[PDB]
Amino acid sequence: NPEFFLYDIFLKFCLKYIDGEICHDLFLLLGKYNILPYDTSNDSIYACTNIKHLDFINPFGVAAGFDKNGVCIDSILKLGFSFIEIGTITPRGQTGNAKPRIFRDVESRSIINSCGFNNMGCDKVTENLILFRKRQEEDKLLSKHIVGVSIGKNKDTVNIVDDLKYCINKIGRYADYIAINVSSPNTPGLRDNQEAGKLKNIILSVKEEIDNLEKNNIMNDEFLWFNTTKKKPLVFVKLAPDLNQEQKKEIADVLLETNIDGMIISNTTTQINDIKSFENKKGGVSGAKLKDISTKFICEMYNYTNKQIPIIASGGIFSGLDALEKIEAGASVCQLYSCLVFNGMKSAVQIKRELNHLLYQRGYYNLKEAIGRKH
């Protein structure tokens, strides 16, 4: 497309000269005024996938932390993605850590960030999602796109459960699934909630609050769940890769005891010490160097959960083959972040063709029969 052409020239200018967070907020602004390209094509019926009743028109979505406040959900989705995870959000708005907090190394296609959950807060983001849901009713191109909401806690909050429950009562009606963020490295002590006993109490409290949404309601299903599924939101949990194997196995059992709807693998890592551009900086590392660690973590959890917990893959997915390794290792869907940063408007259209081609040469009849094949 001609529209894809000029955006790649702008993109190459931005990654060379412009501050990373400025670039990001510029992307978001172009999305806010709806001047990004559209992918209007029908997605291959053979690359469609699902997690329980969530029907993804294609296997690629945008990961959390891209549209933290839900200011341009439509525009990002219309680039060719099947779903987006907005957030992570907190009950109260907060500025996050001191800038600059985002750095890119183009050479290794890697990002490091210490944002610290900068977001406008649950109430404002809830308004934003409601406006999207009203536009979704009236827009032909949005009718099957899924929107999940990643939720966390404010910096100074001590009871994470109090924060999670607040967000659910606010925004749960408008969400297709809820992602519990216990894996951010940039909010002190958050990843300590991954410990098995703590995680279990969190999951059950979240599920309890989602069930109580529908229990003082007087209106029909259609008018309570103002989302895409027309159902209560599923519950996923997003894990960090920096865990040991007995932590992984005890988490794995909590996810089955809780009957959690899915698992997002993985968040950023702190164990990448080999990028010179980054050797003084704070935060969690995204991108290509995170790929091999994520796929490994997927295989381990698919195994330790006896493949009863669907997986959403996150970590260094840039190519159709990258996606296929996530799928063969056990994932049903794939989330993109770094790919967008470094490849631009084209990421969805391109990666969908690559995996479409790759699924045929491998001899898979459709995507779903590739899930967990490495095992």
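Note that residue numbering begins at 1 and tracks the sequence as displayed. Between two forms, the rigid core is the largest collection of C-alphas that superpose within 1.5 Å.
In terms of root mean square C-alpha deviation after superposing on the rigid core in 9 other deposited structures of this protein, the stretch standing farther out between 38-46 and 323-331 is 38-46. Core-fitted comparison in 9 other deposited structures of this protein shows that, between 7-15 and 361-369, the CA atoms farther from the shown form belong to 7-15. Comparing 63-71 with 318-326, the higher mean C-alpha B-factor in the PDB entry belongs to 318-326. Averaged over CA atoms, B-factors in the entry run higher in 101-109 than in the other of 101-109 and 82-90. Among 302, 236, 225, 166, the highest C-alpha B-factor in the deposited entry belongs to 302. Listed residues 139, 176, 123, 250 were ranked by CA B-factor as deposited; 250 comes out on top. Looking at the C-alpha B-factors along this chain, the one for residue 276 belongs to the highest third. In the PDB entry, a CA B factor belonging to the highest third of its chain's modelled residues is recorded for residue 188. Annotation for residue 353: CA B-factor lies in the highest third of the chain's modelled residues. Residue 298 sits in the highest third of its chain by CA B factor, as recorded in the PDB entry. Sorting the modelled residues of the chain by their CA temperature factor places residue 157 in the lowest third.
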